[PDB]
Structures are given as structure tokens and as C-alpha cells.
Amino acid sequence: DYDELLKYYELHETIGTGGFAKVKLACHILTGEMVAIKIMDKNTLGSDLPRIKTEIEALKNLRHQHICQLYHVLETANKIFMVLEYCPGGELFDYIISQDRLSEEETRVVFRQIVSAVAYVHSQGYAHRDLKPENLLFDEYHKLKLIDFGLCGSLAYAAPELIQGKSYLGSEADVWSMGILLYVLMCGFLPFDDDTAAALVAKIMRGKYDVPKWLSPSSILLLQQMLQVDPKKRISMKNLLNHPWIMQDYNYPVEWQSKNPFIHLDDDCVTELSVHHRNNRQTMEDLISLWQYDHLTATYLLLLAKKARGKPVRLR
């Protein structure tokens, strides 16, 4: 149901096309800021409900320049709504196709942002496990924002040990997937590719792939370190962060650390919320610090975003 949602947001166009979920552009009424709202249906999710809720819980604990920001989770009889940072530049998927394949130096810029995000995810004790271009969006500055739940699918990005249901480390699976992404960025097609699941899986397990003539020797060496069938022989995140290839154009390791972590509440945002809700400062801070990802969380985070853009920290 939409009744509560529409008390806080005005719906604009559909932007995201899907199968179990729609995405809408919307305005957050109190702040006037634009958001994307992902609409998921509970019955259509079925027994993925728990797994989806677990991942939503994980997202509540991430805060990073290359990870899409969550503002609000609203649950009803049949729906879960996720109110998220609007990323107007569209999927990395469509960008790759539009350009055929990226230059080595553009792929380096973009790939460093992926590594930044994924390294941070790992540092917080999580692993993504479904990295692929459909799960990466560009903002209006053409910076990458990692998402999830995006639509043989992700089989082509899946690590061999993952594919065969055996024991694995999420971090190692993520490195394999980033290797597939690296290939695609530079080639415009997949390293392992086929008409059926059995054929595709067979190829993945063997680990052989073509090396186009335009790939540099250093690109070739990095690809082989990331696409090692045996997870133990795969490059670690530690060694990826300062890899020679990674630092070839910009001679500094990947800045993976969060650039705007939540430390203390922002006083200007608290002040404005206090005047608005007719609360004193202590009472308002106490409410905000519950971090329920309700409408109050959303309002706080969106005022914080306003301030970051130099706009008056003001509610309408």
C-alpha cells in the first residue's frame, strides 16, 4: 500500500525497469530533495524475503562515497519500499554497450571506484557476492555507486567455487567477479560466454579465455591474478589496492576508506529538525540516534546532503 509513502514523497516518473521490482523518481516533500524509490513486492519475493531483509540490514551499516545511500525503509502489508540516493547516469551496463569498450585509462578510473567500494564492504565484515555491471550506477558526476538486487544472468560473473556450492570466502568471490568486470570494461564482452548453463559453467571451471590484441601486457597480468580458478591463488584485496596496474596513471593506492563516515550528529541538521518537530535538542538527538531508517532518518540524511551541497539547511 501507498498511503503512508505518499504522506512523505511525491512520485514522478518510473526510471528503473525490472521483474520483481519497479523504481520511481520522487521528491522528499519536507526537504524538496529528489530520491529513487525501489518498490519490492513481498509475495513476489516469497522465501527470498529473509535474504532481502538481511541485505537491507547490511546496507543500513554502510556509508561510503561509492555506495548508494539508503534514506528510508517503509514496510506495508505487501510491499517494501527502499528510498535511495538518485543516481541519474544509469547503469554501467548500458554505458559499456554505448561506448563498445572503455579505454585502458577510463577503465582504470572506473575500476578504482569499484575496488574502493568493495574494499569498504569487506572492511565492514560483508561481501557483495553479486558484482556485475547491472549492480553499478553512475551519479550526475559520472562517479560509480554500488547497488544490489539488480537484474544466464550473474552466472557469468560467479566464481567457480561459488558455482559449485562448496565452501568459499565472500571476499575471494568478489575478487573473481571484479576480474570479470575488468575484462568486460576493457573488451565489451565476457571472458566466459555460452548458450547454456552447462557450457558456461564448464568454461568457467577450466578458466581459459581469449586475450584480445588490444589488451596491454600489464592488463593481461592483472586479469590472470584476479581470474585464478583456485581461490587461494587469487590476488587479495590488500594487494589489489596498490597493484602496479591500479597505480599506473595515478600513482597512489585506492582510497577505500569512507570519506564521510557518521561520527557525531551534525548540529545544523539537528537544530533545524528541533525547530520543525517542536522538540529540544537532547530529545531530538535521542530520536535521531535510534537510526530506525524511518521518515526521521530520511529527513536527517537529506538535510545532511543539502548542507554538503552548500544549500541552506532548511525544511519547507
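From 1 onward, residues are counted along the sequence shown. Just so we're on the same page, rigid core means the largest C-alpha set that superposes within 1.5 Å between forms.
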After fitting on the rigid core, which stretch moves more in 6 other deposited structures of this protein, 66-74 or 51-59, going by C-alpha RMS?
-> 51-59
How do 203-211 and 141-149 compare in 6 other deposited structures of this protein: which one has C-alphas farther from this form after the rigid core is matched?
-> 141-149
Determine, among the other compared PDB entries that model residues flanking residue 261, whether at least a third leave it unmodelled.
-> no
Give yes or no for this: do at least a third of the other compared entries, each modelling residues before and after residue 129, lack coordinates for it?
-> no
Classify the number of deposited-sequence residues missing from the model between residue 109 and residue 110: none, 1 to 3, 4 to 9, or 10 or more.
-> none
Mean C-alpha B-factor higher for 46-54, or for 287-295?
-> 46-54
May I ask you to compare 85-93 and 206-214 by their mean CA B factor in the entry and name the higher one?
-> 206-214
Between 100, 134, 172, 104, let me know which has the highest C-alpha B-factor in the entry?
-> 100
When you compare the CA B-factors of 178, 127, 237, 200 as listed in the entry, which one comes out on top?
-> 200
Residue 192: which third of its chain by C-alpha temperature factor?
-> highest
Thinking about Cα B factors across the chain, which third does residue 145 belong to?
-> lowest
What third of the chain, by the recorded C-alpha B-factor, contains residue 77?
-> highest
Residue 304 - which third its CA temperature factor falls in, relative to the rest of the chain = lowest
B-factor third for the C-alpha atom of residue 154 within its chain = highest
